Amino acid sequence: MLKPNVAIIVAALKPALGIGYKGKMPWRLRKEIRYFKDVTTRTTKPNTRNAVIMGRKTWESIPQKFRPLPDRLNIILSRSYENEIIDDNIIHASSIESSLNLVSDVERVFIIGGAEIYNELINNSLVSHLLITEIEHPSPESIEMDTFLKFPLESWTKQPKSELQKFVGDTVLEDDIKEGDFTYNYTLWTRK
């Protein structure tokens, strides 16, 4: 797969874009999790699948029985990994571009975490899309948080809902989704 277009997909607490605390997520948003599954899994054509790409620590964060994420090609990046195809669903590599050179019959490519990977790849020109779930809370400063996105969103353009709807096909997009004290919305951004 040569020069694929790649999407970052992430859920972040506004305005500081917090995404984790001590290696774990600071919320469990059931509908958001289902959205993550649907969008990363769904393809627009028959006989293909998507690839999900993540750093080694994000991989290890998944309970070993629940990885690889089903119905998607899983790609894990480590600075200690030489290129290796583990099985049909798992690839080891040290860069996204080189990992994807090993691949065919893949439609969309998503970056699914974590912070370090996100903060590097936002400045990689293969990334064309940001699927950001904007989370809001009455007192965001009260949420334990030590991990943040460093995204230069001034070089990006938040698209209208119709563009996101087009991207996700028939996936249902509910506005102002509320779980506990969190409210959230799915967004789509493209390079300015």
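Rigid core: the largest C-alpha set superposing within 1.5 Å between the two forms. When you see a residue number, it is the position in the sequence shown, counting from 1.
Core superposition of the other structures onto this form places the C-alphas of 61 to 69 farther off in 5 other deposited structures of this protein than those of the other stretch among 61 to 69 and 34 to 42. Choosing between 96 to 104 and 112 to 120, the greater Cα displacement from the shown form in 5 other deposited structures of this protein, fitted by the core, goes with 96 to 104.
Stretch comparison (39 to 47 versus 123 to 131) by mean CA B-factor in the PDB entry places 39 to 47 on top. As the entry records it, the average C-alpha temperature factor is higher for 97 to 105, out of 97 to 105 and 72 to 80. Remark: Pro160 belongs to the middle third of its chain, ranked by C-alpha B-factor as recorded. Sort the chain's modelled residues by C-alpha temperature factor and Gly55 lands in the lowest third, per the entry.
In the PDB entry, a CA B factor belonging to the middle third of its chain's modelled residues is recorded for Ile19. In the deposited entry, the Cα temperature factor of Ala12 places it in the middle third of its chain's modelled residues. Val6 sits in the lowest third of its chain by CA B factor, as recorded in the PDB entry.
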